[PDB]
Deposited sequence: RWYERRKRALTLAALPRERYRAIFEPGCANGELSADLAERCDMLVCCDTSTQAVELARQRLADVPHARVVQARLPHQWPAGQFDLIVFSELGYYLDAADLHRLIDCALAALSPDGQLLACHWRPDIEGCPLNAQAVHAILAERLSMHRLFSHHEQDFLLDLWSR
């Protein structure tokens, strides 16, 4: 598990700011990252379609009273809120779907919001990050692309 452990150590260290008001992830499946983000913000929220991931996140995130877990039928159906950090980690299914997430991301970002993107690579992870690069029109502050995974931070 060394590799997975390093990808997380690297992900959390990639963040410029020590703490964040509101963090949000369009996914609850990445359970240990969520744990670790929790200790870096005043408010964590994760939203997922799958009811299994939601139920799990609900447990993993019990002794963490400032986290909140939401379920939605559609991936472009986000909760209310304005977030200064949005995190993208689980490879959706083609360019249009991804554009819609970025759209929701753009609406919800605080005037100084950052966006963190991190994917293993088995549309692939390389196109995911290229599409991000091209659509967000934000400064790329951090960037590490290796054979196993890609990692990027955008800011304003």
Practice item. Numbering from 1, run down the deposited sequence and write out every stretch that has no C-alpha in the structure. Key: 92-93, 125-130
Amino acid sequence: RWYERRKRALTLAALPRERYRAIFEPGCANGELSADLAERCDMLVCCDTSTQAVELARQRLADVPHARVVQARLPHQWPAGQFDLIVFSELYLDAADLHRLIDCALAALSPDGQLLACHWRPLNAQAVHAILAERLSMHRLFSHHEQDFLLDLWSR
From here on, numbers count along this sequence of modelled residues.
Check your understanding: If you average the Cα B factors in the entry, which is higher, 112-120 or 24-32?
Key -> 24-32
**Study point:** Per the entry, higher mean C-alpha B factor between 58-66 and 37-45
**Key:** 58-66
Revision key, fill the gap. Quick tally, chain-level thirds of C-alpha B-factors: residue 87 sits in the lowest
Study note, to complete from the structure: Quick tally, chain-level thirds of C-alpha B-factors: residue 156 sits in the highest
Practice item. Among all modelled residues of this chain, ranked by Cα B factor, put residue 52 in the bottom, middle or top third, i.e. lowest, middle or highest. Key: highest
Point to revise | Lowest, middle or highest third - CA B-factor, residue 127 | key: lowest
Review point. Hey, what third does residue 149 fall into on Cα B-factor, ranked over its chain?
Key: lowest
